[PDB]
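The chain that follows stands alone, in the form deposited in one PDB entry, written as structure tokens.
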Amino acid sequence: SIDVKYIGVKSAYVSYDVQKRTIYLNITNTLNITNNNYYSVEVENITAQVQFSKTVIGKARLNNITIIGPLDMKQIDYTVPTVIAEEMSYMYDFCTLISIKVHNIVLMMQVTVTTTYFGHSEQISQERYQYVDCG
């Protein structure tokens, strides 16, 4: 990437910005902008690009062959008892959460067993997280 911007409130290339309780009297503004941009990005100049996978087996014996790729999740056990007993009680549960395996952004890319690749790979991830707001 080239220009990545994080701004919380206001992005302004030109801002004549005035707030309340201002007296804005006798202003003469003269403004000139000359903006010229060159973007020349991701230029590839190749005479030849060659890729292959060659596998050759001859007079061979294969047994007990196991191949397992990434992200192998096995024998997962979640046990979350919640045993709440009461005896003439006043329960006041205002802002309470019970979260198990909560995901916001999951990006899986180029997850294989055998891979051949030429080129550009780019991830851009922007957000404002706010899990709990309780008043």
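Only residues modelled in both forms are compared. All residue numbers refer to positions in the sequence shown, first residue = 1. Basically, rigid core = biggest C-alpha set you can superpose within 1.5 Å across the two forms.
Heads up, the form deposited in another entry isn't pictured, but that's what we're talking about next.
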* Structure fact -> Of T82, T79, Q51, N104, the residue whose C-alpha shifts by 2 Å or more between this form and the one not shown, after superposition on the rigid core, is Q51
* Does the C-alpha of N26 move 2 Å or more between this form and the one not shown once the rigid core is lined up? -> no
* **Core fit, then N35 C-alpha moves 2 Å or more between this form and the one not shown** => no
* Structure fact -> Shown form as baseline, in the other entry, CA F118-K54 shift of 3 Å or more puts them closer
* **Shift in CA distance, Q51 and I68, in the other entry relative to the form shown here, given it is 3 Å or more** => farther
* **Segments of at least three residues whose Cα atoms shift by 2 Å or more between this form and the one not shown, after superposing on the rigid core** => 45 to 64
